[PDB]
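Novice: Structure file my_file.cif (mmCIF, N, CA and C atoms) is given on the next line.
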data_work
#
loop_
_atom_site.label_atom_id
_atom_site.label_comp_id
_atom_site.auth_asym_id
_atom_site.auth_seq_id
_atom_site.Cartn_x
_atom_site.Cartn_y
_atom_site.Cartn_z
N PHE A 1 18.68 76.22 55.23
CA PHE A 1 18.32 75.77 56.59
C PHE A 1 16.98 76.46 56.97
N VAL A 2 15.96 75.65 57.29
CA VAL A 2 14.60 76.14 57.68
C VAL A 2 14.23 75.08 58.77
N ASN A 3 14.33 75.48 60.06
CA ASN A 3 14.03 74.60 61.22
C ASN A 3 12.57 74.89 61.65
N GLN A 4 11.73 73.83 61.67
CA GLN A 4 10.29 73.91 62.06
C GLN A 4 10.12 72.72 63.04
N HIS A 5 9.96 73.03 64.35
CA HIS A 5 9.78 72.02 65.43
C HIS A 5 8.73 72.61 66.40
N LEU A 6 7.58 71.92 66.55
CA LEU A 6 6.45 72.33 67.45
C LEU A 6 5.81 71.11 68.20
N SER A 7 5.35 70.07 67.46
CA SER A 7 4.72 68.85 68.01
C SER A 7 5.28 67.60 67.29
N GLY A 8 5.66 66.58 68.08
CA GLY A 8 6.22 65.31 67.56
C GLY A 8 5.95 64.15 68.53
N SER A 9 4.77 63.52 68.37
CA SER A 9 4.33 62.37 69.22
C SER A 9 4.98 60.99 68.93
N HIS A 10 5.34 60.62 67.67
CA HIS A 10 5.99 59.30 67.32
C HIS A 10 7.30 58.98 68.13
N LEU A 11 8.27 59.94 68.22
CA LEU A 11 9.53 59.81 69.01
C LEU A 11 9.19 59.66 70.53
N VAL A 12 8.71 60.72 71.23
CA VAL A 12 8.32 60.73 72.70
C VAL A 12 7.38 59.55 73.12
N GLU A 13 6.53 58.95 72.23
CA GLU A 13 5.73 57.74 72.58
C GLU A 13 6.72 56.52 72.60
N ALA A 14 7.44 56.12 71.51
CA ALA A 14 8.38 54.94 71.48
C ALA A 14 9.29 54.53 72.68
N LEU A 15 9.83 55.49 73.45
CA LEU A 15 10.73 55.24 74.63
C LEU A 15 10.12 54.75 75.94
N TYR A 16 8.89 55.17 76.17
CA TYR A 16 8.00 54.80 77.30
C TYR A 16 7.97 53.30 77.84
N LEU A 17 8.23 52.34 76.92
CA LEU A 17 8.23 50.88 77.10
C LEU A 17 9.54 50.34 77.76
N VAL A 18 10.74 50.64 77.19
CA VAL A 18 12.08 50.21 77.73
C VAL A 18 12.48 51.20 78.90
N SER A 19 12.61 52.53 78.66
CA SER A 19 12.98 53.53 79.70
C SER A 19 11.93 53.81 80.83
N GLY A 20 10.63 54.01 80.52
CA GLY A 20 9.58 54.27 81.53
C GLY A 20 9.49 55.74 82.00
N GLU A 21 8.49 55.97 82.88
CA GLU A 21 8.19 57.32 83.48
C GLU A 21 9.25 57.74 84.57
N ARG A 22 10.45 58.08 84.04
CA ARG A 22 11.68 58.51 84.76
C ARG A 22 12.67 59.16 83.73
N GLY A 23 12.85 58.59 82.50
CA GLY A 23 13.79 59.13 81.49
C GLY A 23 13.20 60.28 80.65
N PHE A 24 13.25 61.50 81.22
CA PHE A 24 12.75 62.74 80.56
C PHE A 24 13.72 63.86 80.99
N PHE A 25 14.43 64.46 80.01
CA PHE A 25 15.42 65.56 80.22
C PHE A 25 15.11 66.80 79.32
N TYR A 26 15.06 66.67 77.96
CA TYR A 26 14.77 67.79 77.02
C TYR A 26 13.24 68.06 76.90
N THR A 27 12.85 69.36 76.91
CA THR A 27 11.43 69.86 76.80
C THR A 27 10.55 69.41 78.04
N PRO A 28 9.83 70.23 78.91
CA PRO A 28 9.06 69.69 80.07
C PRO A 28 7.73 68.99 79.66
N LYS A 29 7.37 67.92 80.40
CA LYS A 29 6.13 67.13 80.17
C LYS A 29 5.47 67.02 81.57
N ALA A 30 4.30 67.66 81.73
CA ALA A 30 3.53 67.67 83.00
C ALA A 30 2.53 66.52 83.04
#
Would you write the structure of this file as structure tokens?

Specialist:
Amino acid sequence: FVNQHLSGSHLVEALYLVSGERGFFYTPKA
């Protein structure tokens, strides 16, 4: 087990279209 998590734009970009600027819970986005 070697966990490396810092930046991941492909996942956080994809949801923006169906959910929109309201569905954000894990990690803060200003």

Novice: One number please: atom CA of residue A:12 to atom C of residue A:28, in Å, one decimal.

Specialist: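 Going from atom CA of residue A:12 over to atom C of residue A:28, I get 10.8 Å.
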
Novice: Measure the distance from atom C of residue A:16 to atom C of residue A:3 in Å and round it to one decimal.

Specialist: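 Separation of atom C of residue A:16 and atom C of residue A:3: 27.4 Å.
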
Novice: Enter the distance from atom CA of residue A:2 to atom N of residue A:26, in Å, rounded to one decimal.

Specialist: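 Straight-line distance from atom CA of residue A:2 to atom N of residue A:26 works out to 22.4 Å.
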
Novice: Looking only at the backbone, which of the residues in chain A does DSSP tag as helix (DSSP H, G or I), as a list in words?

Specialist: residues 9, 10, 11, 12, 13 and 14 of chain A
